[PDB]
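Read the structure below first, then the notes.
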Amino acid sequence: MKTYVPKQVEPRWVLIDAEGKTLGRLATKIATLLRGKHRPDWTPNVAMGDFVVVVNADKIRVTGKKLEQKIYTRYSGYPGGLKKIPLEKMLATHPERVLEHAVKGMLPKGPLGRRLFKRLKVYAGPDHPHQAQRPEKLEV
Amino acid sequence: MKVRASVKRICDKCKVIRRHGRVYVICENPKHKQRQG
Amino acid sequence: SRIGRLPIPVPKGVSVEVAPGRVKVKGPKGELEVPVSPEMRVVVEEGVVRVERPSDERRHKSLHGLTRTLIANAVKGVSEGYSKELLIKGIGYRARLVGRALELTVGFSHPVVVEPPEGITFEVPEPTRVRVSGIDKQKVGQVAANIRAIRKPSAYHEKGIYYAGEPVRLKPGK
Amino acid sequence: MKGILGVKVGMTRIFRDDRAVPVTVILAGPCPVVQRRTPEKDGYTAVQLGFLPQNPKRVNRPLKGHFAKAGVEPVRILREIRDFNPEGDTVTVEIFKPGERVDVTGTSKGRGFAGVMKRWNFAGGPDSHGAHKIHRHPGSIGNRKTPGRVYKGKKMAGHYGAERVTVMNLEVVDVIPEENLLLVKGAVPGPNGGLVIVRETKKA
RNA sequence: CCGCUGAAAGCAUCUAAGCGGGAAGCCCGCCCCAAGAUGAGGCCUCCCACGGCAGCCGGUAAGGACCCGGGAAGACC
RNA sequence: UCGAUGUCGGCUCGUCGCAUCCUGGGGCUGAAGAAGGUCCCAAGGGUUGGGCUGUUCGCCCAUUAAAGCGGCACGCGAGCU
Ligand SMILES: [Mg+2]
Ligand SMILES: [Mg+2]
Ligand SMILES: [Mg+2]
Ligand SMILES: [Mg+2]
Ligand SMILES: [Mg+2]
Ligand SMILES: [Mg+2]
Ligand SMILES: [Mg+2]
Ligand SMILES: [Mg+2]
Ligand SMILES: [Mg+2]
Ligand SMILES: [Mg+2]
Ligand SMILES: [Mg+2]
Ligand SMILES: [Mg+2]
Ligand SMILES: [Mg+2]
Ligand SMILES: [Mg+2]
Ligand SMILES: [Mg+2]
Ligand SMILES: [Mg+2]
Ligand SMILES: [Mg+2]
Ligand SMILES: [Mg+2]
Ligand SMILES: [Mg+2]
Ligand SMILES: [Mg+2]
Ligand SMILES: [Mg+2]
Ligand SMILES: [Mg+2]
Ligand SMILES: [Mg+2]
Ligand SMILES: [Mg+2]
Ligand SMILES: [Mg+2]
Ligand SMILES: [Mg+2]
Ligand SMILES: [Mg+2]
Ligand SMILES: [Mg+2]
Ligand SMILES: [Mg+2]
Ligand SMILES: [Mg+2]
Ligand SMILES: [Mg+2]
Ligand SMILES: [Mg+2]
Ligand SMILES: [Mg+2]
Ligand SMILES: [Mg+2]
Ligand SMILES: [Mg+2]
Ligand SMILES: [Mg+2]
Ligand SMILES: [Mg+2]
Ligand SMILES: [Mg+2]
Ligand SMILES: [Mg+2]
Ligand SMILES: [Mg+2]
Ligand SMILES: [Mg+2]
Ligand SMILES: [Mg+2]
Ligand SMILES: [Mg+2]
Ligand SMILES: [Mg+2]
Ligand SMILES: [Mg+2]
Ligand SMILES: [Mg+2]
Ligand SMILES: [Mg+2]
Ligand SMILES: [Mg+2]
Ligand SMILES: [Mg+2]
Ligand SMILES: [Mg+2]
Ligand SMILES: [Mg+2]
Ligand SMILES: [Mg+2]
Ligand SMILES: [Mg+2]
Ligand SMILES: [Mg+2]
Ligand SMILES: [Mg+2]
Ligand SMILES: [Mg+2]
Ligand SMILES: [Mg+2]
Ligand SMILES: [Mg+2]
Ligand SMILES: [Mg+2]
Ligand SMILES: [Mg+2]
Ligand SMILES: [Mg+2]
Ligand SMILES: [Mg+2]
Ligand SMILES: [Mg+2]
Ligand SMILES: [Zn+2]
């Protein structure tokens, strides 16, 4: 007898509020959903996971002096192009990217996990234009 | 301000402080004033 | 040997109504609002206000005397209101009242005009003395400190801006 | 943030108070507003200006159409003047008084694939004492094995010129309404008869 | 670095709650590029609902490309 | 690494470190003032031209806001000498 392989499955849409929630300890549930490792039919080489619609992403909470001491960084390719960006300002500029960048790193590397991040959609504020999907809100 | 690894009290008037994770030493004699660095 | 326990003699007729995280005060001179730690408790008694900490942990001992003194200060403010006199020392150094603002003539290449923020009201009984007055303390306290910074006291001369009752400790030249 | 599209005729000099003032002349006006950008509709404020009437035989349907919704005659060129809202249907140099200041934009002359002593002002090698075929060469482009690579943004020979250049704080010397001519003291990029924008200055 | 208010620690303390001042340096602003930004964005106008049997073949539309006369554009492109 | 990794100095071209030469912001000063001395913050930009010598370096002339020290195989010979 062989192992079960699930035919194409209509994905499910989830809605997760992040207000008050702790950063890194939220992105661990998302990525899990994305991976689909909450499904009895999990399969490693397919996008058999939820889509995750995160909201109020500007209200994520964090422990300690991280707003002042967590340094998001970029390298502009050229010399001296090391951009050091504190957490405080990423929010006061592009907040939906504090969570994104967090989950992003919790998703595998290569193509698959690179198109699972696509299934992640994190918006700042209490609303999302994905109403036409009727997302199944979750509590975690 | 003095800056050194040997912050100590120089007179009866000096006072040892911890401020912002740092150890200063204030006094009415501005000389004795120290920081630990 | 303790402040957070010392009661706060609310003098009639000044009001005090508690609200989680804060306390609001009304007086003959103006309202005030004291943001306060939730962990504490503000207790209302007849013509008296106290504050109880829930434990003897260091972090509760600290915020305790703190909170008592804030509220206490906020009461004297809305009732007596605070003030501070500034002393001007310097031959050509003046200080006259411009309608409501304050210009200081203290030797710079120009007069230093300072606009009074809210709550604060400048006054000048003498072109040498200045009295900053308000209901808040860390504001009357600040502004004055700012004005003194324009032309601080010197180390070699009674010449500059001095807090009232501020020592005139000077050094020798030559 | 007033601005106007225009072409470059040339540059001479004039006299102003016993003093010679180099000037470059520009045929700025007249530019008709062919569309107004908005925050609700387009999400931002500007004004699409037209300049130089064009022969309708060379103008095609979508363009001909767009020129219609604005009740605007055809034209040769279309550029925007961001954060600018003229009260009327037509813009002219009259929006500039003498003695003002402006920032000028022009597609600089094109020097083609120019060398390094010409694009990046290098000094090349000597012309003697043993120079072996390097009189106009750059030199060394890196180190050795560490980093063992060449930098990005490095300076090398390449196309130089014929690129957008914005000159700033020029002086409105005079404006000739009669002809739509703006006189500006200084150098304006690009060849004569080339296109230029004349936007209010952002300096102080 | 300099402070305001201020406990712990009845005084004192720029800090432990909180609020200020302060570098040619960090962020934005200025100039230039840039939606291959595959997160491939937005706006204006134009075209259309063609025949035969999310594919194919054939003829058009709005358009473009080749060809040519050339250009302070350019090695060819 | 010797079935080869060419080794000093210069020219050209940079770029980084900061134990900072300059410009900036501070404390102390036996800081009156001007000008100095000594620690602290700061690497954005700048840091000249010459005479001797192969020279790096150093000395010297004239200046300067100043004429900083160092890493990149004592940066850089399929780039030159
Ligand atoms: Mg779960
Ligand atoms: Mg697991
Ligand atoms: Mg998935
Ligand atoms: Mg946390
Ligand atoms: Mg954003
Ligand atoms: Mg000692
Ligand atoms: Mg002693
Ligand atoms: Mg003291
Ligand atoms: Mg009462
Ligand atoms: Mg009780
Ligand atoms: Mg012209
Ligand atoms: Mg142009
Ligand atoms: Mg050319
Ligand atoms: Mg050049
Ligand atoms: Mg040259
Ligand atoms: Mg040369
Ligand atoms: Mg030579
Ligand atoms: Mg030469
Ligand atoms: Mg030879
Ligand atoms: Mg030769
Ligand atoms: Mg070369
Ligand atoms: Mg080589
Ligand atoms: Mg490498
Ligand atoms: Mg080009
Ligand atoms: Mg004239
Ligand atoms: Mg003090
Ligand atoms: Mg105090
Ligand atoms: Mg604090
Ligand atoms: Mg501040
Ligand atoms: Mg501040
Ligand atoms: Mg101050
Ligand atoms: Mg500030
Ligand atoms: Mg400057
Ligand atoms: Mg562009
Ligand atoms: Mg596109
Ligand atoms: Mg990306
Ligand atoms: Mg598009
Ligand atoms: Mg040709
Ligand atoms: Mg070998
Ligand atoms: Mg060998
Ligand atoms: Mg070999
Ligand atoms: Mg070999
Ligand atoms: Mg240092
Ligand atoms: Mg300095
Ligand atoms: Mg200095
Ligand atoms: Mg002296
Ligand atoms: Mg002296
Ligand atoms: Mg001095
Ligand atoms: Mg000093
Ligand atoms: Mg620097
Ligand atoms: Mg330098
Ligand atoms: Mg020399
Ligand atoms: Mg000689
Ligand atoms: Mg020697
Ligand atoms: Mg000698
Ligand atoms: Mg001199
Ligand atoms: Mg000096
Ligand atoms: Mg060696
Ligand atoms: Mg050696
Ligand atoms: Mg070598
Ligand atoms: Mg070499
Ligand atoms: Mg050679
Ligand atoms: Mg050599
Ligand atoms: Zn002392």
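Observations, loosely collected:
- In the range D:126-143, the qualifying residues are those that are away from every other protein chain (no Cβ under 14 Å) and surrounded by 10 or more Cβ atoms within 10 Å (Cβ to Cβ), and the one that is nearest to ligand 11 (Cβ to nearest atom) is D:136.
- Elements of type strands (runs of 3 or more DSSP E) contained in the range D:1-72, each with 1 or more residues being small (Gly, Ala, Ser), under 24 Å from residue D:90 (Cβ atoms) and in contact with a helix residue (DSSP H, G or I) (Cβ under 9 Å, 6 or more places away or on another chain): D:3-15, D:48-51
- Of everything listed in (1) among the aliphatic types (A, V, I, L, M); (2) more than 15 Å from residue D:79 (Cα to Cα); (3) in contact with a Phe, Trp or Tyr (Cβ under 7 Å, 6 or more places away or on another chain), the single unmet condition for residue D:9 is (3).
- Some residue of the range A:32-43 being more than 14 Å from chain D (Cβ to nearest Cβ), among the aromatic types (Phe, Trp, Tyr) and either touching a strand residue (DSSP E or B) at 6+ places or on another chain (Cβ under 8 Å) or under 21 Å from residue A:139 (Cα atoms) (or both): no
- Restricting the range D:1-30 to residues that are in contact with a strand residue (DSSP E or B) (Cβ under 8 Å, 6 or more places away or on another chain) and free of Cβ contacts under 8 Å to residues at least 12 places away in the same chain, the residue that is nearest to residue D:182 (Cα to Cα): D:13
- There is at least one residue in the range D:151-161 that is within 14 Å of another protein chain (Cβ to nearest Cβ) and among the small types (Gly, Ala, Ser).
- Residue within the range D:155-173 that is more than 16 Å from ligand 17 (Cβ to nearest atom), among the basic types (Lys, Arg) and in contact with a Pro (Cβ under 7 Å, 6 or more places away or on another chain) present: no
- Test for residue D:119: is it away from chain A (no Cβ under 14 Å), in contact with a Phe, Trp or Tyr (Cβ under 6 Å, 6 or more places away or on another chain) and closer than 30 Å to residue D:5 by Cβ: yes
- Among the strands (runs of 3 or more DSSP E) confined to the range C:78-144, the ones with at least 1 residues that are of a type in the set (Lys, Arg), more than 11 Å from the chain's Cα centre (by Cα) and within 24 Å of residue C:154 (Cβ to Cβ) are located at C:82-89, C:96-98, C:129-134.
- Identity of the residue in the range C:9-18, more than 10 Å from residue C:75 (Cα to Cα) and outside any loop (DSSP other than H, G, I, E, B), that ends up farthest from ligand 8 (Cβ to nearest atom): C:17
- Tally of residues being more than 13 Å from ligand 15 (Cβ to nearest atom) and free of Cβ contacts under 8 Å to residues at least 24 places away in the same chain across the range D:87-136: 12
- Check on residue C:6, more than 16 Å from ligand 3 (Cβ to nearest atom), not in a strand (DSSP E or B) and not polar (S, T, N, Q): yes
- Single unsatisfied condition, residue C:72 versus (1) closer than 30 Å to residue C:126 by Cα; (2) out of contact with any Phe, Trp or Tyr (no Cβ under 7 Å at 6 or more places or on another chain); (3) in contact (Cβ under 8 Å) with a residue 60 or more places away in the chain: (1)
Please note: Cβ atoms are built from the backbone with ideal geometry, for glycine as well, and neighbour counts cover all protein chains shown. Throughout, read-outs are computed from the coordinates displayed, never taken from laboratory work.
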